[PDB]
Amino acid sequence: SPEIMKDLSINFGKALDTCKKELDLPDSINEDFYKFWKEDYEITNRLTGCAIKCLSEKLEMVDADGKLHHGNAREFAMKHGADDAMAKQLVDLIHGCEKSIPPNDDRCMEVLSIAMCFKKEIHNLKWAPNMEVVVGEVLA
Ligand SMILES: CC/C=C\C=C/CCCCCCCCCCO
């Protein structure tokens with residue numbers, strides 16, 4: 001649902017300021033986060049990719065091989081309202097995106113591709129929340 005996806009989004013984005021500090025990222029990536037869920041908006045900036053990658057790592061959603069950690073991704077989804085079924089459906093979308101994307105050895109670009117593919121799948125299911133929810137109040 002969009003309600004669960006909003007809650008996941010807010011919690012995924014809560015470390016954005018911490019990640020910008022760690023990676024010394026410029027404020028030019030902010031607009032990409034404010035528009036993250038805007039239908040048909042494509043994020044292209046690799047640095048935004050590095051931020052998304054950092055956010056995923058903060059939630060321990062990257063395994064030892066650079067792929068989705070399914071158990072921890074499920075833990076995160078369920079904490080914020082997903083049942084077993086939704087957790088598995090979300091994890092299957094991400095895994096499918098990993099398998100579908102143009103391969104890229106730049107992990108910031110790889111994460112950006114997976115995030116854009118996932119966003120499209122969530123729009124396809126009509127589960128997208130309002131465009132700016134990943135940011136919530138983190139940048140205020
Ligand atoms: C799990 C996503 C839930 C809410 C908001 C945004 C997620 C989009 C990025 C999905 C992460 C894909 C690759 C990094 C995650 C772990 O490898």
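Position 1 is the first residue of the sequence, and the numbers go up from there. Below, each value reflects all heavy atoms present in this structure, side chains not excepted, and no hydrogens, waters or symmetry copies. Whatever order the structure lists them in is the order used to number ligands and atoms, beginning at 1.
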Item to check | Minimum-distance protein heavy atom relative to atom 2 (C) of ligand 1 | outcome: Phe118 CE2, 3.7 Å

Checklist entry - Under 30°, 30 to 60°, or over 60°: which ring-plane class applies to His70 and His95, parallel, tilted or perpendicular? => result perpendicular

Next on the checklist: What protein heavy atom lies closest to atom 15 (C) of ligand 1? Include the residue and the distance to one decimal.
Outcome noted: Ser56 OG, 3.1 Å

Next on the checklist: Could you identify the single nearest non-hydrogen protein atom to atom 16 (C) of ligand 1 and state the distance to 0.1 Å?
Outcome noted: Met61 O, 2.8 Å

Checklist outcome for this item: protein heavy-atom neighbour closest to atom 1 (C) of ligand 1 works out as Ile94 CD1, 4.0 Å

Checklist entry - Mind checking whether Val91 and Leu125 sit in one hydrophobic cluster, side chains of I, L, V, M, F, W, Y counted as touching below 4.5 Å? => result yes

Item to check | Other residues, nucleotides, ligands: >12 heavy atoms within 6.0 Å of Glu22 CD | outcome: yes

Item to check | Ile114 contact mode with ligand 1 (heavy-atom cut-off under 4.0 Å) | outcome: side chain

Next on the checklist: How far is atom 3 (C) of ligand 1 from the closest protein heavy atom, and which atom is that?
Outcome noted: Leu8 CB, 4.0 Å

Item to check | Distance-only side-chain donor-acceptor flag, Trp37 / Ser9, under 3.5 Å | outcome: yes

Checklist outcome for this item: The residue among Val134, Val138, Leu59 that forms side chain to side chain contact (heavy atoms under 4.5 Å, CB included) with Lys14 is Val138

